[PDB]
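Peer 1: Sequence first, structure after, both from an experimental entry:
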Amino acid sequence: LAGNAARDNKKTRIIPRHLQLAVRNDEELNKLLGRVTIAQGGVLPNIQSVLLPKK
DNA sequence: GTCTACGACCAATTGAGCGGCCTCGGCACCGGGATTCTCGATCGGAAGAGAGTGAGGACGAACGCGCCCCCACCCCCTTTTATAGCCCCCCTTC
């Protein structure tokens, strides 16, 4: 999953960001590592719909 | 309770794995040009406040008709008598 995230980011070397995106995107890995914090991994790019502007 | 399968413990072996050394290309940062996006500003698209039409409604109003209420009077009922023609119902003659 980390390699797939790297290709999606057009990167060839796996970095903590790719590991975090993989662990958090997978529903089962996110459950195994829910209590785990990954250094320099950041967080998933998610915004609550209610915060987005409306027309 | 029975037992023996296989794990701890030893010795000798060794090549898989780690520290050191090297490097070159994945990455990032830069810059320039192209693109997106954002939204204050013009007014298309559809809707309101405000006006006019067509339109009768309920009923306030206005007019003659009604009904009962009841003024009061008028009157008729009843009683007595004379007088007479007139009239109807009944009896009598035919």
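Peer 2: Looks like it came in fine. Residues are numbered from 1 along each chain as shown, chains lettered A, B, ... in the order given.
Peer 1: and the longest helix for chain A?
Peer 2: helix A:16-25 (DSSP state H).
Peer 1: Any residues of chain A in contact with DNA strand B? List them.
Peer 2: A:6, A:11, A:12, A:13, A:15, A:53 (CB under 7 Å from any atom of the strand). Where C-beta positions appear, they are placed from N, C-alpha and C, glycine not excepted.
Peer 1: sorry, back to before: after the longest helix of chain A, next one along is what?
Peer 2: helix A:29-32 (DSSP states H and E).
Peer 1: Which of the residues of chain A next to DNA strand B are buried, as a ChimeraX select command?
Peer 2: For the buried members of the residues of chain A next to DNA strand B, the matching ChimeraX selection, counting by 16 or more other CB atoms under 10 Å, is:
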select /A:6
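Peer 1: Take the residues of chain A next to DNA strand B and lay them out in a markdown table including secondary structure.
Peer 2: Shown next, in a markdown table, are the residues of chain A next to DNA strand B (DSSP: H, G, I helix; E, B strand; the rest coil):
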| residue | secondary structure |
| --- | --- |
| A:6 | helix |
| A:11 | coil |
| A:12 | coil |
| A:13 | coil |
| A:15 | coil |
| A:53 | coil |
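Peer 1: tell me which of the residues of chain A next to DNA strand B is nearest to residue A:37?
Peer 2: Ranked by distance to residue A:37 (CB to CB), the residues of chain A next to DNA strand B are led by residue A:15 at 16.1 Å.
Peer 1: Apart from its chain neighbours, what residue comes closest to the most centrally placed residue in chain A?
Peer 2: Relative to the mean C-alpha position of chain A, the nearest C-alpha, by CA atoms, centre = their mean, is the one of residue A:21, at 2.0 Å. Computed as CB to CB, 6 or more residues apart in numbering, the closest residue to residue A:21 that is not its neighbour in sequence is residue A:5, at 4.6 Å.
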